[PDB]
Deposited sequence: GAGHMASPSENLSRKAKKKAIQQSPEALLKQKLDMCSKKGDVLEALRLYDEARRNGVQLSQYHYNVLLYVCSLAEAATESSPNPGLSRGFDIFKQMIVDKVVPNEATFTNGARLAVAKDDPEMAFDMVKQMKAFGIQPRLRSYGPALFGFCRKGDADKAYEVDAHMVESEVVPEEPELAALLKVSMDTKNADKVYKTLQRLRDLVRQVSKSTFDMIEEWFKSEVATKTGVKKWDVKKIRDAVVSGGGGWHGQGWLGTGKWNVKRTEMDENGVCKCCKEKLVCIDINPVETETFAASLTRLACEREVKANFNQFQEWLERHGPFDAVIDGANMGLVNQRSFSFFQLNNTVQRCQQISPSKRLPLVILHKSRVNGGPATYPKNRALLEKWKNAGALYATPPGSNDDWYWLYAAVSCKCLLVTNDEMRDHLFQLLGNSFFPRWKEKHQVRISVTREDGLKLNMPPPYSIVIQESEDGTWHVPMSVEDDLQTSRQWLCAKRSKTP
């Protein structure tokens, strides 16, 4: 078959990086009357993206024809899959021309195609590299219109280009988007925010007088921890790297950070999504059987990830560590409820009194053994969300399938619900409880900023904050 042969030969072109041959096969296909499909185009886009951008000549046919191929693919009305967007972006990156990259996203839009975050990257990051804030903000407006939500790298580039063009309003807006969407910032973003607050433009942007009641109302309206009404105060910012004490009090300025509530409606929506996700990945009847069991049990004050409590910092499963955690959770329960222990059925062992205790927990309504083949993470997570209670795990809950849970609601929920264990020689096992404040960029009523750095494990490493406070 002619289409199957083209596929065969383009696959070989891809495997060898033979761009001049792929372009001859593409043309030969036009001359032969062979219709290209989604798959054919996706190989061509990949193959074309391997061509270099020409510094010492007019651009090479590889990238030049690649953009013509992308334009023809869209004109044919072939449906893009995830490899189309990825390969389209690789081409844009190779060309290193943000205007042409932005033209690709404009083309998609004009033919009713929803662009992906990675399609915008080459455009946004290209314009930001050139210091062209105006085009960067056009690309940003285009994303907002298309409902593609930026991540930290896009916001960081927007912040940097705003700083470069001395645009204090855009710096302010971008910092609010970082607060809203990212909460805690990477090292590179943290350093960039510090540079902003110490800069001349920051020193010279401000207001001496403002309506304290308009600030008050925006604080109530926003959910807490910010107001969004603009830079306040005047003069130089005193900018220090610092820490919060266990109560959320800044060690530099003594401001008490606030605790931001989670709207119960968001929690309901999240619980429904979690249930849907769990049923897609588990055997539906297994997960449903747990849901039915959970409805008949409780109440619970805590849910334990049994595997994690047994295994964290251990060379093999420690019944001691599991059992010590159960006991300690029961002790902090106001009515001494056993925590709900979630374990794999293969665990539920070798010492008779330990097996007897596991069976006693089960008989007390405080243990569920997840079935053969299951991923027990869905079970303890659904349990803690549904019971609105503490979740005891040292799992960071960020990688692999935890990415399916998103980066807005879930990190906020974790912060309020996750209990982690730590062990010392002097004291043994400790429960580390949720903080009494929210670890998020905060803007106070008087215009003081506290910016938290993102870290892997905030019990291992002491989290650095920026305190930016006007010196007058």
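No alpha-carbon coordinates exist for the deposited sequence positions 1 to 23, 372 to 375, 500 to 501, given here in order along the chain.
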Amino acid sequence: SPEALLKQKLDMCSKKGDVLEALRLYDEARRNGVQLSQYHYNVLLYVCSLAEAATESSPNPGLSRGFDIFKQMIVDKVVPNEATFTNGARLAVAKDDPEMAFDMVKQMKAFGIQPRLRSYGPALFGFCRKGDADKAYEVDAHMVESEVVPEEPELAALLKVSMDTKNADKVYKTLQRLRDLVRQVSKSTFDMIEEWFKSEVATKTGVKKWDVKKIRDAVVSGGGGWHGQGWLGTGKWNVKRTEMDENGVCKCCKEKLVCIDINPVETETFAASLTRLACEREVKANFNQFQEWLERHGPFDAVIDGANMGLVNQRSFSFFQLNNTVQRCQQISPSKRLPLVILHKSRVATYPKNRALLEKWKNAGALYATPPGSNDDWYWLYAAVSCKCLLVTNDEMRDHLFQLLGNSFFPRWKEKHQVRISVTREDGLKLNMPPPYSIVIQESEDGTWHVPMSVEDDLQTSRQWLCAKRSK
From here on, numbers count along this sequence of modelled residues.
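Basically, rigid core = biggest C-alpha set you can superpose within 1.5 Å across the two forms.
Stretch comparison, 396 to 404 versus 257 to 265: after rigid core superposition, larger RMS CA deviation in 7 other deposited structures of this protein is found for 396 to 404.
Farther from the shown form on average, by C-alpha root mean square after a core fit in 7 other deposited structures of this protein, is 6 to 14, of the stretches 6 to 14 and 445 to 453. Comparing 375 to 383 with 111 to 119, the stretch with the higher mean C-alpha B-factor in the PDB entry is 111 to 119.
Stretch comparison (290 to 298 versus 97 to 105) by mean CA B-factor in the PDB entry places 97 to 105 on top.
Within the group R315, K209, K251, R276, the record's highest C-alpha temperature factor is found at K209. When the C-alpha B-factors of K170, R177, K71, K204 are ranked from the entry, the top spot goes to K71. Among the modelled residues of the chain, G66 sits in the highest third by CA temperature factor in this PDB entry.
Per the PDB record, residue ranking by Cα B-factor puts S422 in the lowest third of the chain.
In this PDB entry, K360 carries a Cα temperature factor that places it within the lowest third of its chain's modelled residues. For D395, the recorded CA temperature factor ranks within the lowest third of the chain's modelled residues. Among the modelled residues of its chain, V451 has a C-alpha B-factor that falls in the lowest third, as given in the PDB entry.
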